[PDB]
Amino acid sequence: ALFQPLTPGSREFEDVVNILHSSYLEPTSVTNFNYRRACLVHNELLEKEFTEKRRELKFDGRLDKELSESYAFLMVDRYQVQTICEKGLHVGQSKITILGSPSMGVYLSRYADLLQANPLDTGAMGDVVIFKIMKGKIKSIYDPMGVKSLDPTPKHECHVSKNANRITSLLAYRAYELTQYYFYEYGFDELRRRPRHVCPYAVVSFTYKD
């Protein structure tokens, strides 16, 4: 069973909602999102490869700090929750370029209230996939200023924007793109199309009221 529906008000339901509530860029976004349904994702194949990747990272010397699990988010269109939760998140599904080519990595939002470039419209409805991730050893990069962006940095698990903590407002210029995580993984001689240190964990449906 890939999806396990959770009953609203239950412990498991409020745990998933608590991941979202604790991950806002503006914690007062708690008044604007109503999470009306939620499922845990149980994809044994993806969880196997996440667990395998974590033990390889520890084999290659990453610190226990770098082995920690955290969460990141993706708002998903056209009822494609099914494909990402069953197949995993693949390269080429984002149009963001700020941290490297989307053909070489996958982009996830750091903040659960910052899921698209422009503000959400009142009454909007959406589906948000919650991924568990290992940021591992992070490569911090400056946003591009007339220079070609880097290929994914070998021996690091993701790219992040160097000064993203400067971002405090959902309306700051390019807040959405500057608060992304960029996950990638080199195979042997090729970039993997699906980084294994990203794994779908839960799905929620929301309505938005500003």
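For every residue, the number given is its place in the sequence shown, counted from 1.
When the two stretches 178 to 186 and 165 to 173 are set side by side, the higher mean Cα temperature factor goes to 165 to 173. When the mean C-alpha temperature factors of 59 to 67 and 22 to 30 are read from the deposited coordinates, 59 to 67 comes out higher. The residue among 131, 107, 111, 79 whose C-alpha atom has the highest B-factor in the PDB entry is 79. In this PDB entry, the Cα temperature factor of residue 47 sits in the bottom third of its chain's modelled residues, the lowest group. Compared with the other modelled residues of the chain, the Cα B-factor recorded for residue 137 ranks in the middle third. In the deposited entry, the Cα temperature factor of residue 191 places it in the highest third of its chain's modelled residues. The deposited CA B-factor of residue 150 belongs to the highest third of values across its chain. For residue 75, the recorded CA temperature factor ranks within the lowest third of the chain's modelled residues.
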